[PDB]
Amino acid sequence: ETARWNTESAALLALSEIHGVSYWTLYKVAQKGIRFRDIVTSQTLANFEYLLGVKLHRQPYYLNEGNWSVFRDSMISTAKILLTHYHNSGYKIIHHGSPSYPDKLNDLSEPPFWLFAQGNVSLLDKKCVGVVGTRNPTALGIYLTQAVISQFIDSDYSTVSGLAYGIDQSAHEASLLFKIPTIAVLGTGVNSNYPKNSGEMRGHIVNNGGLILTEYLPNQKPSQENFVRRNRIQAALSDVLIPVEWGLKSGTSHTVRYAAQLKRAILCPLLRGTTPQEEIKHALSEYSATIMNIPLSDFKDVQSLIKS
């Protein structure tokens, strides 16, 4: 069974890394039920380009009948070693339709048809709580992030965030601090160094039983489109979504909307004694969200301790 998916893995890397096929091109290929293995084993360039869904080239073209066999065989041979190269770094490619693929992602209209993974894949199949927010939080947003995640200590939950500046990085840092496994869904390929000084955090995430996850091909750069596209994954994986600090018509609003479309539970942190803002009121109105008081405790619980 292993060898079937490894052949599809190598075909994906062949088209992506060697021939440079776009994410979108390969996505709609897989969306149609076309397997990359049968694209790379095409015996003509016409067949190649038909299955790949691009505009067929006329003559003259540098790819032709005279050099097709080597073009095909050399790319298959190249990609087979390239996958062992990525396996050696601890990366796994999880394909849609395989046993390792998590059910939750098939709630999406556009499920990822492949995933690059580094770390503990079994977390995708277990309870997850998304913690996400602005890349430019206030001091209180940073605290609420940690306070929220501390509530899940010794639960069966892991955390999910996007490894981005601000709330997301504070979410991962908090999960690590409290020894909650955390999942980072990237807006890049696995090879990128974004965000700054990310290689150590990714290391600690993996060392603490966490997971690095991305739908994007190894060398895909960060982009505003890549982030919004990735947030459908974050919403789908989040059994509960907790947007800590966020404005409407923001990145995180997309995630919250998606979570509402996916009928995920939505909790909104509110510090004791403070007034909900319209983004919170929006979530209670639209998405049937729920306030989560921080602290959840009352001061009466503190009084019990002081005066025994």
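Residues carry their position along the shown sequence, with the first being 1.
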{"query": "Between the two ranges 247-255 and 31-39, the one averaging a larger CA B factor in the entry", "finding": "247-255"}
{"query": "Entry-level comparison of average CA B-factors, 257-265 and 277-285, reporting the higher stretch", "finding": "277-285"}
{"query": "Residue selected from 182, 223, 145, 109 by maximal Cα B factor", "finding": "223"}
{"query": "CA B-factor ranking of residue 241, expressed as a third of its chain", "finding": "lowest"}
{"query": "Chain-relative CA temperature factor third for residue 196", "finding": "highest"}
{"query": "Within-chain third of residue 100 by Cα B-factor, per the entry", "finding": "highest"}
{"query": "Within-chain third of residue 157 by Cα B-factor, per the entry", "finding": "middle"}
{"query": "Chain-wide C-alpha B factor ranking for residue 168, given as lowest, middle or highest third", "finding": "lowest"}
